[PDB]
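What follows is each chain in one-letter form.
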Amino acid sequence: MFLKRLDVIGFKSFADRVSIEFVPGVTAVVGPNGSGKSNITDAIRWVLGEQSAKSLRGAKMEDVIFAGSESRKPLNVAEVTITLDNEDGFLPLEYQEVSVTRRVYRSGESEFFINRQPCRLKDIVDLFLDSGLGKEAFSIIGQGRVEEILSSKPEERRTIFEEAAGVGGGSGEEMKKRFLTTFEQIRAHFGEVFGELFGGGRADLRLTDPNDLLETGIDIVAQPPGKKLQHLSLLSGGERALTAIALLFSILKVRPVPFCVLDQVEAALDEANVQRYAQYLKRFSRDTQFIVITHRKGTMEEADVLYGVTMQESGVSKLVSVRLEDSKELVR
Amino acid sequence: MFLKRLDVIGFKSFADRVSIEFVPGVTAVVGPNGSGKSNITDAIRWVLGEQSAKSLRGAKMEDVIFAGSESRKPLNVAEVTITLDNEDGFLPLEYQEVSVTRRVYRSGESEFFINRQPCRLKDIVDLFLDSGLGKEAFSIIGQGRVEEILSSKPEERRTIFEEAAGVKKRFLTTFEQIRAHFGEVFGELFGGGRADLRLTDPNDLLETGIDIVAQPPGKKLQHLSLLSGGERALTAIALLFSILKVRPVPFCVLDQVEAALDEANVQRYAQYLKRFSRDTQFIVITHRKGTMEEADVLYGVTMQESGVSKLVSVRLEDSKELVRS
Ligand SMILES: Nc1ncnc2c1ncn2[C@@H]1O[C@H](COP(=O)(O)OP(=O)(O)OP(O)(O)=S)[C@@H](O)[C@H]1O
Ligand SMILES: Nc1ncnc2c1ncn2[C@@H]1O[C@H](COP(=O)(O)OP(=O)(O)OP(O)(O)=S)[C@@H](O)[C@H]1O
Ligand SMILES: [Mg+2]
Ligand SMILES: [Mg+2]
């Protein structure tokens, strides 16, 4: 398993140190509104090298430091440490176990380390630059954001595919071949994944400009069971979400990543679709490590470990391992 | 005034006429993904006079005509009729029952009727002008759009308050009344904590923006943006109910606005919804049992036949498949 551990101290609602051990397969995170779950996903984005405070729902980076509660004073530093297993050599860093630590102080000062040795933010970025982590709409799906590829411009989608393809002269010719090759693989998987998730129907991808692989956009076409193909726009909230999930899974088949974070991607899905999704997720989890925030029983039942996050104390997150038989209040 | 009936004929997935009777109180519409529920809210927007096909998920207005399915051939006309109780003379017509019809043909013709007499789109728009009906973030909330006011820039928030007010001098009066409610509604919804609305520039009111302050119980005030998905959703819902308190409407359509809410917050939302239905009729699309439990009537939308929507009254105890878990 690639993601071994996440240590969080003073980051947002986690005033006290929490240490999260991940398992192979599916790690599910559950809990009531406002407890600190999405904050964990932010901690992951941050330690991987996120440079935009707004991407972390803040205005300035100092907003990610625990700012206090009715029961506590604000802290003046936040620290996140992620521990990774690089036995295969997935990283351009020839250590067995890799750790990355990021800190920020209320002064605005920051510190970065790789395996305990001080480094630059750029070193952390460079370290993960081609790993696949932790890119939105690719390896980390934010809450509310599952439809982001669908809502993108066709031209925007080409760029996603290019990046998944590892993309002048006859090198340009080579770039064309790679893009098309990756595009054909993804397209092929997309049709199949769509069918499995919906229990039928079909989906496909199209080039908007077949004459120009540099400039073409990508159209998405999807036909749920029983329906006539119509504009993607006319599809329902749940149909659009499940189409987005099919496309995501397909991209991850073609361009694997060491772990994927999914923050309530199944919100729009009905009971039948969540079940198909959760079983697919479980199968997929053999290849790729998933960390999911979920409120759905169907997903929780497929989980290899469940962590409940709560805020008994005003403003402060607590994380414990929980059994499903008594998470019954956390079932949507 | 209230909504008595909606007839939907050939509109989107409703190939066959479906006639939906409404009760005052809360009507919940339930069913599986892709079954036709949001399409019902689109029919309402459309018959009230919506001009933008894009607002209805289409590209051209023709897109709202049943376009065929695996089972059924495409149709060439779509028609929606809404029927309203005008006993009180809410509407400036002397009829006690008012109906409005809109049609579109695949060939491009339109018809508009008020009480069966042909009219223009403008006459329907003018008819409902003072009602406040079919206004996004006000009297209708589309799927996925509950945070529309919260995620608006302070200046854009103002315009919404203007439509709510009636758009000098009128903004401010409306703002202050909504502000006075927002604090209470936010507490009642969360079970505590404090919130407020603030004017950026109180000295210029054709221009100034509105800031929103929201602090859940025991938590400390930071940027609105740092609140959780469920917390922002419940805040937006508090603001919506605050708007409805001051600029009330005869009916309000809510398409899965409680999606981000946990079970406890759904329960508080749903009880609040029931109480609010004293003054306003609610038609809600929902998958949540707390909401279904507070509904006065439940309608289940399904596609037994591929691509074609049908609706029937359903019992809660027969709808366990539909309850989100
Ligand atoms: N710098 C900070 N200091 C203290 N608390 C914070 C800070 N930043 C954010 N929070 C709080 O952390 C709480 C939990 O945030 P999230 O992790 O977004 O909640 P969640 O568990 O994802 O809840 P959902 O999406 O409603 S089920 C929110 O109330 C924030 O207000
Ligand atoms: N003109 C049309 N002809 C036939 N079908 C249409 C037309 N317009 C939309 N639809 C279908 O309506 C379906 C979407 O229905 P909605 O009413 O949005 O679903 P929903 O019941 O809200 O489902 P959710 O949001 O996932 S629980 C799509 O699958 C479309 O194929
Ligand atoms: Mg969240
Ligand atoms: Mg819908």
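Look up a bit, the structure's there.
Residues numbered from 1 in each chain as written, not as in the entry; some residues may be left out. Chains lettered and ligands numbered in written order. Heavy atoms only, no water.

Caption draft 1: Examining the coordination of the magnesium ion (ligand 4) more closely. Residues and elements named next belong to chain B. Here the magnesium ion (ligand 4) is held by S38 (OG) and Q143 (OE1), and the distances to it run 2.0 to 2.1 Å. Here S38, found in helix α1 (residues 37-48), pairs with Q143, found in the loop between β8 (140-141) and α3 (154-165); they are 105 residues apart in sequence, far enough to count as distant. According to the relative accessible area criterion, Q143 is partly exposed, its value standing at 26%. (Donors = N, O, S within 2.8 Å, 3.2 Å for Na, K, Ca; no water. Helix = DSSP H or I, 4+ residues; strand = E, 2+ residues; numbered from the N terminus. Buried < 20%, exposed > 50% of the residue type's maximum accessible area, 1.4 Å probe, protein only.)

Caption draft 2: Structural detail: the nonpolar core. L239(B), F241(B), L254(B) and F282(B) are the most contacted members of the largest nonpolar core, which has 102 residues in total. When residues in this core are grouped by element, the largest group, 11 residues, is from helix α5 (residues 229-246) of chain B. Those residues within four positions of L254(B) in sequence are excluded, and the remaining contacts are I141(B), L240(B), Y269(B), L273(B), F282(B), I283(B), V284(B) and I285(B). Core analysis: the second largest hydrophobic core is formed by 55 residues, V26(A), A222(A), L242(A) and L262(A) among them. (Core = buried A, V, L, I, M, F, W, Y, C linked by side-chain atoms within 4.5 Å. Contact = heavy atoms within 4.5 Å.)

Caption draft 3: Spatial organisation of the interface of chain B and chain A. Across the boundary between the two partners, chain B contributes 44 residues, which contact 43 residues of chain A. For the pair chain B and chain A, the two sides together bury roughly 3,300 Å², of which 45% comes from carbon and sulfur. Counting the contacts that link chain B with chain A gives zero salt bridges. There are 28 residue pairs in polar contact connecting chain B and chain A. (Buried area = accessible area lost by both parts, 1.4 Å probe. Salt bridge = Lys/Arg side-chain N within 4 Å of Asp/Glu carboxyl O. Polar contact = N/O pair within 3.5 Å; in protein donor to acceptor, adjacent residues only side chain to side chain.)

Caption draft 4: View of the site of ligand 1. Around ligand 1 lies a shell of 25 residues, among which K37(A), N39(A), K219(B), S228(B) and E231(B) are the nearest. The site occupied by ligand 1 is bordered by residues of chains A and B. Between an oxygen atom of ligand 1 and a side-chain N or O atom of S228(B), the distance comes to 2.6 Å. Relative to its unbound accessible area of 680 Å², ligand 1 is 97% covered by the protein chains. Those elements that provide at least two residues to the shell around ligand 1 are α1 (37-47) of chain A together with α5 of chain B. Within the shell around ligand 1, the residues separate by chemical class into five nonpolar, 14 polar and six charged. (Near = heavy atom within 4 Å. Areas by Shrake-Rupley, 256 points an atom, 1.4 Å probe, with all protein chains shown as cover. Nonpolar A, V, L, I, M, F, W, Y, C, P; charged D, E, K, R; others polar.)

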